[PDB]
$ cat target07.cif   # mmCIF, C-alpha atoms
data_my_file
loop_
_atom_site.label_atom_id
_atom_site.label_comp_id
_atom_site.auth_asym_id
_atom_site.auth_seq_id
_atom_site.Cartn_x
_atom_site.Cartn_y
_atom_site.Cartn_z
CA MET A 1 0.00 0.00 0.00
CA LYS A 2 1.04 3.50 -0.97
CA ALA A 3 0.33 7.04 0.27
CA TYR A 4 0.85 10.35 -1.49
CA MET A 5 2.12 13.29 0.61
CA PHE A 6 1.36 16.84 -0.60
CA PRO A 7 3.70 19.68 0.48
CA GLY A 8 2.72 23.12 1.71
CA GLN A 9 4.19 26.55 2.27
CA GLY A 10 7.98 26.68 2.43
CA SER A 11 8.45 24.11 -0.36
CA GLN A 12 7.86 26.57 -3.24
CA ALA A 13 10.69 27.62 -5.55
CA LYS A 14 11.11 29.78 -8.62
CA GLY A 15 10.89 27.57 -11.72
CA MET A 16 8.62 24.95 -10.18
CA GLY A 17 6.06 23.16 -12.32
CA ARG A 18 7.40 24.21 -15.74
CA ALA A 19 6.89 20.84 -17.41
CA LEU A 20 3.50 20.42 -15.73
CA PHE A 21 2.09 23.68 -17.12
CA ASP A 22 3.18 22.50 -20.61
CA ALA A 23 1.46 19.15 -20.01
CA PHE A 24 -1.85 20.48 -18.58
CA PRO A 25 -2.90 23.56 -20.57
CA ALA A 26 -6.62 23.28 -19.75
CA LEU A 27 -5.97 23.32 -16.00
CA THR A 28 -3.42 26.10 -16.42
CA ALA A 29 -6.01 28.28 -18.22
CA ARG A 30 -8.69 27.38 -15.65
CA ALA A 31 -6.32 28.31 -12.82
CA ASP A 32 -5.69 31.65 -14.48
CA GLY A 33 -9.49 32.14 -14.60
CA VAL A 34 -9.78 31.82 -10.81
CA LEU A 35 -6.68 33.84 -9.95
CA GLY A 36 -6.78 36.66 -12.55
CA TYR A 37 -3.06 36.36 -13.38
CA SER A 38 -0.79 33.87 -15.17
CA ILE A 39 -0.08 30.98 -12.78
CA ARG A 40 2.81 29.86 -15.04
CA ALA A 41 4.45 33.32 -14.83
CA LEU A 42 4.09 33.38 -11.04
CA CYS A 43 5.85 30.03 -10.73
CA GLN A 44 8.43 30.45 -13.51
CA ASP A 45 9.37 34.12 -13.25
CA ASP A 46 8.50 34.83 -9.56
CA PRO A 47 7.74 38.53 -10.26
CA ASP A 48 8.59 40.76 -7.26
CA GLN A 49 9.26 37.59 -5.21
CA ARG A 50 5.48 37.09 -4.93
CA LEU A 51 6.06 33.34 -4.44
CA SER A 52 7.14 34.15 -0.86
CA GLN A 53 3.87 36.10 -0.19
CA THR A 54 1.28 33.71 1.17
CA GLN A 55 -1.67 34.99 -0.89
CA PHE A 56 0.31 33.85 -3.97
CA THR A 57 2.29 30.98 -2.42
CA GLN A 58 -0.84 28.98 -1.61
CA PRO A 59 -2.41 29.00 -5.08
CA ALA A 60 1.01 28.27 -6.70
CA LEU A 61 1.55 25.20 -4.52
CA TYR A 62 -2.02 23.99 -4.95
CA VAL A 63 -1.71 24.10 -8.74
CA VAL A 64 1.72 22.43 -8.86
CA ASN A 65 0.55 19.77 -6.38
CA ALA A 66 -2.63 19.11 -8.34
CA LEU A 67 -0.85 18.78 -11.67
CA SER A 68 1.85 16.62 -10.05
CA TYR A 69 -0.88 14.27 -8.85
CA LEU A 70 -2.52 14.06 -12.28
CA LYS A 71 0.85 13.25 -13.87
CA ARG A 72 1.28 10.41 -11.36
CA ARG A 73 -2.23 9.10 -12.05
CA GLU A 74 -1.42 8.83 -15.77
CA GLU A 75 1.79 6.91 -15.03
CA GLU A 76 1.34 4.92 -11.77
CA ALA A 77 -1.22 2.87 -9.88
CA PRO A 78 -3.60 4.90 -7.69
CA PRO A 79 -2.54 5.60 -4.09
CA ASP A 80 -4.37 3.97 -1.19
CA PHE A 81 -4.19 7.06 1.04
CA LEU A 82 -3.57 10.79 0.73
CA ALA A 83 -2.20 13.35 3.19
CA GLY A 84 -1.20 16.96 2.79
CA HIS A 85 0.68 19.36 5.06
CA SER A 86 -1.53 22.41 5.67
CA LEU A 87 -1.96 23.89 2.19
CA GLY A 88 -1.28 20.37 0.93
CA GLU A 89 -4.60 19.15 2.41
CA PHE A 90 -6.45 21.02 -0.35
CA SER A 91 -4.51 19.19 -3.07
CA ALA A 92 -5.16 15.92 -1.27
CA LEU A 93 -8.93 16.63 -1.20
CA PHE A 94 -8.82 17.57 -4.88
CA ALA A 95 -7.11 14.23 -5.61
CA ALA A 96 -9.80 12.46 -3.61
CA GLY A 97 -12.55 14.08 -5.72
CA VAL A 98 -14.02 16.12 -2.84
CA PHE A 99 -14.15 19.19 -5.03
CA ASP A 100 -13.21 20.12 -8.56
CA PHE A 101 -9.95 21.83 -9.48
CA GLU A 102 -11.32 25.39 -9.57
CA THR A 103 -13.23 25.03 -6.31
CA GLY A 104 -10.13 23.87 -4.47
CA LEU A 105 -8.20 26.79 -5.99
CA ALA A 106 -10.85 29.27 -4.79
CA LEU A 107 -10.64 27.78 -1.32
CA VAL A 108 -6.86 28.17 -1.26
CA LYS A 109 -7.06 31.73 -2.65
CA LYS A 110 -9.33 32.53 0.30
CA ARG A 111 -7.00 30.73 2.75
CA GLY A 112 -4.11 32.81 1.38
CA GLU A 113 -6.11 36.04 1.84
CA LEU A 114 -7.17 35.16 5.39
CA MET A 115 -3.64 34.18 6.37
CA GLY A 116 -2.02 37.18 4.63
CA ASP A 117 -4.49 39.50 6.39
CA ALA A 118 -4.09 37.83 9.81
CA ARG A 119 -2.26 39.80 12.50
CA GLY A 120 -0.73 39.11 15.88
CA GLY A 121 2.03 36.79 17.03
CA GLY A 122 4.59 34.71 15.19
CA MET A 123 6.12 31.27 14.77
CA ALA A 124 9.46 29.46 14.98
CA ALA A 125 10.67 26.23 13.45
CA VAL A 126 12.82 24.14 15.78
CA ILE A 127 15.20 21.39 14.64
CA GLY A 128 16.76 18.84 17.02
CA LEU A 129 14.32 18.59 19.96
CA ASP A 130 11.36 16.29 20.55
CA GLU A 131 7.84 17.32 21.51
CA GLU A 132 8.32 16.45 25.19
CA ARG A 133 11.46 18.59 25.45
CA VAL A 134 9.83 21.52 23.63
CA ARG A 135 6.83 21.41 26.01
CA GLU A 136 9.20 21.27 28.99
CA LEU A 137 11.14 24.31 27.65
CA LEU A 138 7.97 26.34 27.12
CA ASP A 139 6.99 25.77 30.77
CA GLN A 140 10.50 26.28 32.19
CA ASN A 141 10.78 29.60 30.34
CA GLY A 142 7.27 30.79 31.33
CA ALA A 143 6.11 31.11 27.71
CA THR A 144 2.42 30.79 28.57
CA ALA A 145 1.36 32.48 25.28
CA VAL A 146 3.26 29.98 23.08
CA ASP A 147 2.04 26.56 21.96
CA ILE A 148 3.18 23.76 19.68
CA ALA A 149 1.83 24.51 16.19
CA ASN A 150 3.30 21.65 14.09
CA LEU A 151 4.54 18.19 15.01
CA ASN A 152 6.48 17.45 11.83
CA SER A 153 8.94 14.72 12.82
CA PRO A 154 10.43 13.36 16.04
CA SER A 155 13.06 16.15 15.83
CA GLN A 156 11.09 18.90 14.02
CA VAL A 157 8.53 21.02 15.82
CA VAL A 158 7.03 24.43 15.04
CA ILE A 159 5.89 26.73 17.87
CA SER A 160 3.47 29.62 17.67
CA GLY A 161 2.38 32.53 19.82
CA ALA A 162 3.31 35.90 21.24
CA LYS A 163 6.02 37.52 19.12
CA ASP A 164 8.11 38.69 22.11
CA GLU A 165 8.02 35.17 23.63
CA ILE A 166 8.93 33.57 20.28
CA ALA A 167 11.95 35.95 20.11
CA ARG A 168 13.02 35.36 23.72
CA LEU A 169 12.88 31.52 23.44
CA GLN A 170 15.58 31.31 20.74
CA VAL A 171 18.68 31.23 22.94
CA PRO A 172 17.15 28.96 25.61
CA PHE A 173 16.10 26.52 22.86
CA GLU A 174 19.59 26.63 21.27
CA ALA A 175 21.20 26.16 24.71
CA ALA A 176 18.97 23.07 25.32
CA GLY A 177 20.35 21.47 22.12
CA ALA A 178 18.24 22.82 19.26
CA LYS A 179 20.40 22.50 16.16
CA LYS A 180 18.36 25.31 14.62
CA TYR A 181 15.70 27.82 15.75
CA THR A 182 14.23 29.91 12.96
CA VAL A 183 11.58 32.62 13.36
CA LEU A 184 9.21 32.15 10.38
CA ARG A 185 8.20 34.80 7.82
CA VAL A 186 4.51 34.66 8.61
CA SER A 187 1.88 37.30 9.34
CA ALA A 188 0.61 35.80 12.59
CA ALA A 189 0.69 32.97 15.13
CA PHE A 190 -1.00 30.22 13.10
CA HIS A 191 -2.27 26.89 14.44
CA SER A 192 -3.35 28.03 17.93
CA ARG A 193 -6.86 28.96 19.09
CA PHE A 194 -5.51 32.52 18.77
CA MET A 195 -6.43 32.16 15.07
CA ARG A 196 -10.06 31.40 16.02
CA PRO A 197 -11.48 34.47 14.25
CA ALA A 198 -9.97 33.42 10.92
CA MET A 199 -11.11 29.83 11.59
CA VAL A 200 -14.66 31.12 12.09
CA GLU A 201 -14.50 33.25 8.93
CA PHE A 202 -13.13 30.39 6.86
CA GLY A 203 -15.83 28.03 8.21
CA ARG A 204 -18.52 30.50 7.17
CA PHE A 205 -16.95 30.88 3.71
CA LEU A 206 -16.98 27.07 3.33
CA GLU A 207 -20.74 26.97 3.99
CA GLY A 208 -21.22 28.35 0.47
CA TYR A 209 -19.65 25.29 -1.18
CA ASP A 210 -21.02 21.80 -1.77
CA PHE A 211 -18.58 18.88 -1.25
CA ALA A 212 -18.42 15.30 -2.58
CA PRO A 213 -17.32 12.23 -0.57
CA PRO A 214 -13.58 11.34 -0.72
CA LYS A 215 -12.88 8.55 -3.20
CA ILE A 216 -9.55 7.89 -1.51
CA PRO A 217 -9.08 8.47 2.26
CA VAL A 218 -7.42 11.75 3.27
CA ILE A 219 -5.73 11.92 6.66
CA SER A 220 -6.65 15.17 8.45
CA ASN A 221 -3.96 17.41 9.98
CA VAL A 222 -6.36 18.15 12.87
CA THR A 223 -7.19 14.61 13.97
CA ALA A 224 -4.40 12.54 12.34
CA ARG A 225 -7.24 10.28 11.13
CA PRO A 226 -9.22 9.95 7.90
CA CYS A 227 -11.46 12.93 7.07
CA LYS A 228 -15.16 12.17 7.50
CA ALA A 229 -17.26 12.92 4.41
CA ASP A 230 -19.56 15.08 6.61
CA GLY A 231 -16.58 16.84 8.21
CA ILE A 232 -14.71 18.61 5.38
CA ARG A 233 -15.52 22.12 6.62
CA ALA A 234 -14.37 21.42 10.17
CA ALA A 235 -11.22 19.70 8.93
CA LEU A 236 -10.22 22.66 6.77
CA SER A 237 -11.40 25.59 8.89
CA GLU A 238 -10.18 24.25 12.26
CA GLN A 239 -6.80 23.35 10.73
CA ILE A 240 -5.63 26.99 10.76
CA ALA A 241 -6.26 27.30 14.51
CA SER A 242 -5.13 23.76 15.52
CA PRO A 243 -1.79 21.97 15.80
CA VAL A 244 -0.71 20.21 12.60
CA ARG A 245 -0.35 16.53 13.58
CA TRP A 246 1.83 15.51 10.67
CA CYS A 247 4.08 13.03 12.46
CA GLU A 248 1.02 11.25 13.91
CA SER A 249 -0.69 11.18 10.48
CA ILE A 250 2.31 9.42 8.90
CA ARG A 251 2.54 7.00 11.89
CA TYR A 252 -1.20 6.24 11.53
CA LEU A 253 -0.61 5.30 7.90
CA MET A 254 2.41 3.16 8.79
CA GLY A 255 0.27 1.38 11.39
CA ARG A 256 -2.50 0.77 8.78
CA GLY A 257 0.07 -1.10 6.62
CA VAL A 258 1.26 1.65 4.26
CA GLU A 259 4.87 0.88 3.30
CA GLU A 260 5.38 3.29 0.37
CA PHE A 261 5.30 7.06 0.93
CA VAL A 262 5.65 9.30 -2.11
CA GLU A 263 5.88 13.10 -2.14
CA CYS A 264 3.55 14.53 -4.76
CA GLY A 265 4.50 18.10 -5.65
CA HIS A 266 7.67 20.16 -5.94
CA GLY A 267 10.65 19.44 -3.72
CA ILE A 268 11.70 16.97 -1.03
CA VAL A 269 10.45 18.58 2.20
CA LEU A 270 7.98 15.83 3.15
CA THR A 271 10.38 13.13 1.93
CA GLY A 272 12.91 14.43 4.46
CA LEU A 273 10.30 14.41 7.24
CA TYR A 274 9.21 10.92 6.31
CA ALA A 275 12.79 9.56 6.51
CA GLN A 276 12.99 10.92 10.05
CA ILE A 277 9.57 9.61 11.09
CA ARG A 278 10.39 6.18 9.58
CA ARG A 279 13.82 5.93 11.31
CA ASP A 280 12.26 6.62 14.72
CA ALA A 281 9.16 4.43 14.20
#

$ encode --input "target07.cif" --output "structure tokens"
Amino acid sequence: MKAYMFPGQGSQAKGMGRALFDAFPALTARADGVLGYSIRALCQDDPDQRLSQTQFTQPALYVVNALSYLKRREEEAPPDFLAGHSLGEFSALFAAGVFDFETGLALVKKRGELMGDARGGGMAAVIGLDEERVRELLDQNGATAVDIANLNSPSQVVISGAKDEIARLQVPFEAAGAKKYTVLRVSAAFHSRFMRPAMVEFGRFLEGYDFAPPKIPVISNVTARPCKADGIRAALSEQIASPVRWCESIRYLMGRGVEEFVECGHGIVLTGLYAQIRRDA
């Protein structure tokens, strides 16, 4: 059994998807219709470094992920399971037939707008400490307005919360053995109940859409379990204000009997995480 893993923000790069745009002109033109600009130009030329701006990053990654999936479907047996990291969930749901290509793109355009417009707090990516140690450090350093935002691998955790606390934690984390502590280029503290207002707004926006049942199971970032057909809106809206349980999602799949994990999209970010999750598990 095989799972496809769809990457999210941070995996984008100038030049991504070139051969896919060539191969899928109808979807390229349809993407342009939703976005109002050339998706190929965004990805190939990266005008004014817009690929690093979340309102553009999210649609770019959704399109490249989607086309990457369709290329794999032409060439390889279908996957048994799908999982996407944050933005990647939307590509996974597209692959599963939950919504059509344009609908998913509209959802991600909105997610990009909500996240670009969000304010308050920040985030840091930590390499070299496990969840238990990170939680201990947050308590020891009195960072009561910081929480764990992503559990990405046994040694890769993202934290989120008050900007001053995120700044002040860097040296203590490094002194405890973090190999790297990197404050992220994000508008706000995502993946805590701090982001509740945006979660509420996104939920309301999703009421206007009509979803289909997944044809292939999609493992939710929120629950680390398969998305329920009746639960798409909760899965997607709550995701932005909840910890991303990526490590647990991969471990769930391993426990179900999945032996082959393939990254579907540009880059090797999730491949790297998987190697680390696999080595520990």

$ closest_residue --input "target07.cif" --among "A:79, A:121, A:142, A:214" --to "residue 166 (chain A)" --atoms "all atoms listed in the file"
A:121

$ residues_near_point --input "target07.cif" --point "(-4.3, 17.5, 14.0)" --cutoff "9 Å" --atoms "all atoms listed in the file" --output "list in words"
residues 150, 151, 220, 221, 222, 223, 224, 225, 235, 239, 242, 243, 244, 245, 246, 248 and 249 of chain A

$ resolve_selection --input "target07.cif" --expression "the PyMOL selection byres ((chain A and resi 101-115) around 6)" --output "ChimeraX atom specification"
/A:54-55,58-59,100,116-118

$ closest_residue --input "target07.cif" --among "A:96, A:176, A:34, A:264" --to "residue 133 (chain A)" --atoms "only C-alpha atoms"
A:176

$ atom_distance --input "target07.cif" --atom1 "CA of residue 156 (chain A)" --atom2 "CA of residue 129 (chain A)"
6.8 Å

$ residues_around --input "target07.cif" --residues "residue 164 (chain A)" --least-positions-apart "5" --cutoff "12 Å" --atoms "only C-alpha atoms" --output "list in words"
residues 120, 121, 122, 123, 124, 143, 144, 145, 146, 169, 170, 183 and 189 of chain A

$ axis_aligned_box --input "target07.cif" --around "region 245-251 of chain A" --padding-each-side "4 Å" --output "AutoDock Vina command-line options"
--center_x 1.7 --center_y 11.8 --center_z 11.4 --size_x 12.8 --size_y 17.5 --size_z 13.0

$ atom_distance --input "target07.cif" --atom1 "CA of residue 137 (chain A)" --atom2 "CA of residue 181 (chain A)"
13.2 Å

$ resolve_selection --input "target07.cif" --expression "the PyMOL selection byres ((chain A and resi 130) around 12)" --output "count of residues only"
30

$ closest_residue --input "target07.cif" --among "A:31, A:206, A:171, A:240" --to "residue 87 (chain A)" --atoms "all atoms listed in the file"
A:240

$ atom_distance --input "target07.cif" --atom1 "CA of residue 78 (chain A)" --atom2 "CA of residue 39 (chain A)"
26.8 Å

$ resolve_selection --input "target07.cif" --expression "the PyMOL selection byres ((chain A and resi 98) around 6)" --output "JSON, numbers by chain"
{"A": [93, 94, 96, 97, 99, 211, 212, 213, 214]}

$ closest_residue --input "target07.cif" --among "A:238, A:125, A:38, A:273" --to "residue 56 (chain A)" --atoms "all atoms listed in the file"
A:38

$ closest_residue --input "target07.cif" --among "A:185, A:14, A:228, A:233" --to "residue 201 (chain A)" --atoms "all atoms listed in the file"
A:233

$ closest_residue --input "target07.cif" --among "A:83, A:13, A:26, A:184" --to "residue 50 (chain A)" --atoms "only C-alpha atoms"
A:13

$ build_atoms --input "target07.cif" --residues "region 48-65 of chain A" --atoms "N, CA, C and O atoms" --output "mmCIF file, keeping the file's coordinate frame"
data_model
loop_
_atom_site.group_PDB
_atom_site.id
_atom_site.type_symbol
_atom_site.label_atom_id
_atom_site.label_comp_id
_atom_site.auth_asym_id
_atom_site.auth_seq_id
_atom_site.Cartn_x
_atom_site.Cartn_y
_atom_site.Cartn_z
ATOM 1 N N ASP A 48 8.533 40.076 -8.556
ATOM 2 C CA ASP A 48 8.590 40.760 -7.260
ATOM 3 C C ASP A 48 8.563 39.794 -6.070
ATOM 4 O O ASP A 48 8.007 40.114 -5.017
ATOM 5 N N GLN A 49 9.181 38.625 -6.247
ATOM 6 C CA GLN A 49 9.260 37.590 -5.210
ATOM 7 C C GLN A 49 7.889 37.286 -4.590
ATOM 8 O O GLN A 49 7.786 36.982 -3.393
ATOM 9 N N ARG A 50 6.841 37.372 -5.407
ATOM 10 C CA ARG A 50 5.480 37.090 -4.930
ATOM 11 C C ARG A 50 5.318 35.664 -4.465
ATOM 12 O O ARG A 50 4.440 35.410 -3.650
ATOM 13 N N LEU A 51 6.142 34.731 -4.946
ATOM 14 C CA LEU A 51 6.060 33.340 -4.440
ATOM 15 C C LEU A 51 6.270 33.192 -2.946
ATOM 16 O O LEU A 51 5.828 32.189 -2.379
ATOM 17 N N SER A 52 6.958 34.148 -2.315
ATOM 18 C CA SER A 52 7.140 34.150 -0.860
ATOM 19 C C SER A 52 5.967 34.811 -0.094
ATOM 20 O O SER A 52 5.958 34.773 1.136
ATOM 21 N N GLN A 53 5.013 35.418 -0.803
ATOM 22 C CA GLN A 53 3.870 36.100 -0.190
ATOM 23 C C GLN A 53 2.714 35.126 -0.203
ATOM 24 O O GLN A 53 2.279 34.697 -1.274
ATOM 25 N N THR A 54 2.204 34.824 0.985
ATOM 26 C CA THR A 54 1.280 33.710 1.170
ATOM 27 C C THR A 54 0.024 33.709 0.297
ATOM 28 O O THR A 54 -0.443 32.655 -0.129
ATOM 29 N N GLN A 55 -0.489 34.888 -0.012
ATOM 30 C CA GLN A 55 -1.670 34.990 -0.890
ATOM 31 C C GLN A 55 -1.398 34.463 -2.292
ATOM 32 O O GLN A 55 -2.331 34.082 -2.983
ATOM 33 N N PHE A 56 -0.127 34.463 -2.704
ATOM 34 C CA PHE A 56 0.310 33.850 -3.970
ATOM 35 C C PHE A 56 0.937 32.463 -3.794
ATOM 36 O O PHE A 56 0.735 31.573 -4.637
ATOM 37 N N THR A 57 1.659 32.259 -2.695
ATOM 38 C CA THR A 57 2.290 30.980 -2.420
ATOM 39 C C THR A 57 1.268 29.854 -2.444
ATOM 40 O O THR A 57 1.504 28.814 -3.044
ATOM 41 N N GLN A 58 0.129 30.064 -1.784
ATOM 42 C CA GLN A 58 -0.840 28.980 -1.610
ATOM 43 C C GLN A 58 -1.450 28.514 -2.927
ATOM 44 O O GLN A 58 -1.388 27.314 -3.236
ATOM 45 N N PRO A 59 -1.954 29.451 -3.764
ATOM 46 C CA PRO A 59 -2.410 29.000 -5.080
ATOM 47 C C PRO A 59 -1.320 28.326 -5.935
ATOM 48 O O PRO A 59 -1.578 27.299 -6.583
ATOM 49 N N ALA A 60 -0.107 28.873 -5.929
ATOM 50 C CA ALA A 60 1.010 28.270 -6.700
ATOM 51 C C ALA A 60 1.244 26.804 -6.318
ATOM 52 O O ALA A 60 1.282 25.912 -7.182
ATOM 53 N N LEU A 61 1.328 26.547 -5.017
ATOM 54 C CA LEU A 61 1.550 25.200 -4.520
ATOM 55 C C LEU A 61 0.360 24.292 -4.780
ATOM 56 O O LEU A 61 0.523 23.123 -5.145
ATOM 57 N N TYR A 62 -0.846 24.813 -4.635
ATOM 58 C CA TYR A 62 -2.020 23.990 -4.950
ATOM 59 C C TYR A 62 -2.004 23.518 -6.404
ATOM 60 O O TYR A 62 -2.232 22.338 -6.695
ATOM 61 N N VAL A 63 -1.732 24.445 -7.310
ATOM 62 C CA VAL A 63 -1.710 24.100 -8.740
ATOM 63 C C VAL A 63 -0.602 23.102 -9.044
ATOM 64 O O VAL A 63 -0.839 22.086 -9.694
ATOM 65 N N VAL A 64 0.607 23.355 -8.560
ATOM 66 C CA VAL A 64 1.720 22.430 -8.860
ATOM 67 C C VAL A 64 1.452 21.056 -8.230
ATOM 68 O O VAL A 64 1.662 20.022 -8.860
ATOM 69 N N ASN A 65 0.949 21.040 -7.003
ATOM 70 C CA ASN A 65 0.550 19.770 -6.380
ATOM 71 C C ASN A 65 -0.506 19.011 -7.173
ATOM 72 O O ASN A 65 -0.415 17.771 -7.327
#
